[PDB]
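# Coordinates in review
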Amino acid sequence: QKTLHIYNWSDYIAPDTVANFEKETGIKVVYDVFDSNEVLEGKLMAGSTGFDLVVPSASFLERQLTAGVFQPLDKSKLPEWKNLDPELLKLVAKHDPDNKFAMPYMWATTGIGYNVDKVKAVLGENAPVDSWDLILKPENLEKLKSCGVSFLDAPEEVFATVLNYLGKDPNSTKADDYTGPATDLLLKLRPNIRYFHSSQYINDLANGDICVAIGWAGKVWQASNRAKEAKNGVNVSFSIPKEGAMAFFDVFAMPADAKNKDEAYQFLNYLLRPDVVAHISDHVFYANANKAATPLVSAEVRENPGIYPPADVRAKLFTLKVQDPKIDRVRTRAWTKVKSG
Ligand SMILES: COCCOC[C@H](C)N
Ligand SMILES: COCCOC[C@H](C)N
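Residues numbered from 1 in each chain as written, not as in the entry; some residues may be left out. Chains lettered and ligands numbered in written order. Heavy atoms only, no water.

Structure determination for this entry, per the PDB record, employed X-ray crystallography and reached 2.00 Å resolution.

Bringing the overall build of the protein chain into the picture now. Tallying secondary structure elements over the protein chain gives 16 helices and 11 strands in all. A compact globule built from 341 residues should have a C-alpha radius of gyration of about 20 Å, and the protein chain, at 20 Å, falls within 12% of that. Here the protein chain holds 341 residues, and the buried ones make up 58% of them. Within the protein chain, contacts between residues separated by at least 24 positions form 72% of all contacts whose residues are at least 6 apart in sequence. Carbon together with sulfur atoms contributes 50% to the accessible area of the protein chain, which is approximately 14200 Å² in total. If the 40 positive side-chain charges of the protein chain are averaged to one point and the 44 negative ones to another, these points end up 2 Å apart. (Helix = DSSP H or I, 4+ residues; strand = E, 2+ residues; numbered from the N terminus. Rg over C-alpha atoms; globule rule 2.2 N^0.38 Å. Buried < 20%, exposed > 50% of the residue type's maximum accessible area, 1.4 Å probe, protein only. Contact = heavy atoms within 4.5 Å. Areas by Shrake-Rupley, 256 points an atom, 1.4 Å probe, with all protein chains shown as cover. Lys, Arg positive; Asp, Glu negative; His and termini not counted. Charge placed at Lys NZ, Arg CZ, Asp CG, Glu CD.)

The end-to-end C-alpha separation of helix α16 (residues 325-338) is 20 Å, in line with the 20 Å expected for 14 residues at 1.5 Å each. Along α16, the residues that are buried comprise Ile-327, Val-330, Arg-331, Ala-334, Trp-335 and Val-338. Along α16, the residues classed as buried sweep out an arc of 140° about the axis, all on the same side. What points out from α16, more than 90 degrees from its buried face, is the exposed set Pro-325, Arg-329, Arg-333 and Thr-336. The secondary structure elements touched by the buried residues of α16 are α3 (58-65), α8 (155-165), α9 (175-189) and β6 (195-196). Its side-chain oxygen 2.7 Å from the backbone nitrogen of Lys-326, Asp-324 forms the N-cap of α16. (Expected span 1.5 Å × (residues − 1). Arc of directions from axis to C-beta. Polar contact = N/O pair within 3.5 Å; in protein donor to acceptor, adjacent residues only side chain to side chain.)

Moving on: the domain arrangement of the protein chain. Considered domain by domain, the protein chain is made up of domain 1 (3-108 + 249-308) and domain 2 (109-246 + 319-338). A separation of 26 Å is found between the C-alpha centroids of domain 1 and domain 2. Counting residues at the interface gives 24 residues for domain 1 and 26 residues for domain 2. Taken over both partners, the interface formed by domain 1 and domain 2 buries close to 1800 Å², and the fraction arising from carbon and sulfur atoms is 53%. Taken together, domain 1 and domain 2 are joined by two salt bridges. The partner of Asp-11 in a salt bridge is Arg-226, and the shortest N-O contact between them spans 3.7 Å. Across the contact surface, domain 1 and domain 2 share five residue pairs in polar contact. Counting only elements with at least two residues in the side of domain 1 that touches domain 2, the list comes to α2 (37-46), α3, β4 (103-115) and α13 (274-284). Broken down by element, the side of domain 1 that touches domain 2 gets its largest block of residues, four residues, from α3. The class makeup of the residues in the side of domain 1 that touches domain 2 is 11 nonpolar, seven polar and six charged. (Domains from an automatic or database assignment. Buried area = accessible area lost by both parts, 1.4 Å probe. Salt bridge = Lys/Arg side-chain N within 4 Å of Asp/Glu carboxyl O. Nonpolar A, V, L, I, M, F, W, Y, C, P; charged D, E, K, R; others polar.)

Right, let's get into the sheet that holds strand β2 (residues 28-34). Two strands in a sheet stick together by hydrogen bonds in their backbones, pointing the same way (parallel) or opposite ways (antiparallel). Strand order across the open sheet formed by three strands is β2-β1-β3, with parallel pairing between neighbours. Each of the sheet's edge strands pairs with one partner strand only, and the pair in question is β2 and β3 (53-54). Where helix α12 (residues 261-272) meets the sheet, it contacts β1 (3-9) and β3, and its direction lies at approximately 50° from that of β1. (Pairing = 2+ DSSP bridges. Axes fitted to C-alpha atoms, helices over the stretch in contact; angles between N-to-C directions.)

Turning our eyes to something else, we now look at the pairing of strand β9 (residues 245-252). Taking burial as the measure, the eight residues of β9 include eight buried ones, the bulk of the element. By the bridge criterion, seven bridges tie β4 to β9 in an arrangement that is antiparallel. Bridge pairing links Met-106 to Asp-250 in β9.

Quick look at the packing of aromatic side chains now. Any two aromatic rings considered together are summarised by their centre-to-centre distance and by the angle between their planes. Scanning the model with the defined rule gives 18 aromatic pairs in all. Taking the centre distance of 4.7 Å and the plane angle of 20° together, the rings of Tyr-7 and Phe-51 count as stacked. Taken together, the positions of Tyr-7 in strand β1 and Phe-51 in the loop between α2 and β3 put the pair 44 residues apart, joining distant regions of the chain. According to the relative accessible area criterion, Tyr-7 is buried, its value standing at 4%. (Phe/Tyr/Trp six-rings, centres within 6.5 Å; stacked < 30°, edge-to-face > 60°.)

For the rest of this paragraph, the subject is the nonpolar core. Counting residues in hydrophobic clusters, the biggest one holds 126 residues, and the most contacted among them are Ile-135, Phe-151, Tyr-201 and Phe-252. Two domains share this core, each providing at least three of its residues, namely domain 1 (3-108 + 249-308) and domain 2 (109-246 + 319-338). (Core = buried A, V, L, I, M, F, W, Y, C linked by side-chain atoms within 4.5 Å.)

Neighbouring ligand 1 are the residues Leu-91, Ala-247, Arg-314 and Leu-317. For ligand 1, the accessible surface in isolation is 310 Å², of which the surrounding protein chains cover 80%. Residues of the shell around ligand 1, tallied by class, amount to three nonpolar, no polar and one charged. (Near = heavy atom within 4 Å.)

Here it is as structure tokens:
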């Protein structure tokens, strides 16, 4: 009896993906979920994960490669690799040289999810929902405080976002940028922030418990879809702000101690099927990295520029670089100071 252990982001797969793979291959898949790059990186660094496939963000995989926690993907076992978008493969190759270790799965941006009616009730019809001013300007957050503010629990994404908003290098290597202006702004906003979390804002946006959130595009679009299905009158939307935003690329990778390698390769080839990953995008509201799958994606997802952004928007996006030990320590210490309590 063949088995396969998969550790993937939560809400990152169609409800029937695994069942169809199981019935076609006869493999029993053990499936578990996470919502934090930090949780996954911690597991990879502390010892055996017990998984055959894991799905870190590409900028995190770059750090993890130097620890040897993955084994390189045998491209002769991934024949439809050519389905992947070349330009996106080129971009991930900055994190994963020669695309030796990482199979791009989905990608999206870290933007602003918001209740349309609540935000407009508080900040007016012309609320700057096109700008990080909506949530990074203290005077706006003080008014939104009453209706609920949520920051994502991803310190590298938040600090890069703040640095870009402050006109500085999103991957600044100047320590004073973090301890000074970045911390200053985050400490002004902190009293208005209800909580830091990477998943709860989905349901809180859907049910109307919060009105604004720094979050990932697909997660916010899922909340907007759940509110629509519940017919609760809640109107959630997502914004890639005009000042730019962080893009991320989540990639499948194979731990160096994976037990069921053959099964894991069968699962990766299953995900390379254009119809397979297009069907996933239809349910999770994330853009996949498969260029052959794009015309198979539903028009609701494919034509949403908050999911498949056009060249105008993509040119203003930035990606995370891996910081040195000093900046990493200073950023981690400031995050702790910000999440205090
Ligand atoms: C064609 O998709 C990949 C384009 O991403 C460009 C980055 C987000 N700046
Ligand atoms: C000590 O248990 C955790 C309690 O957290 C809330 C306070 C504000 N830190």
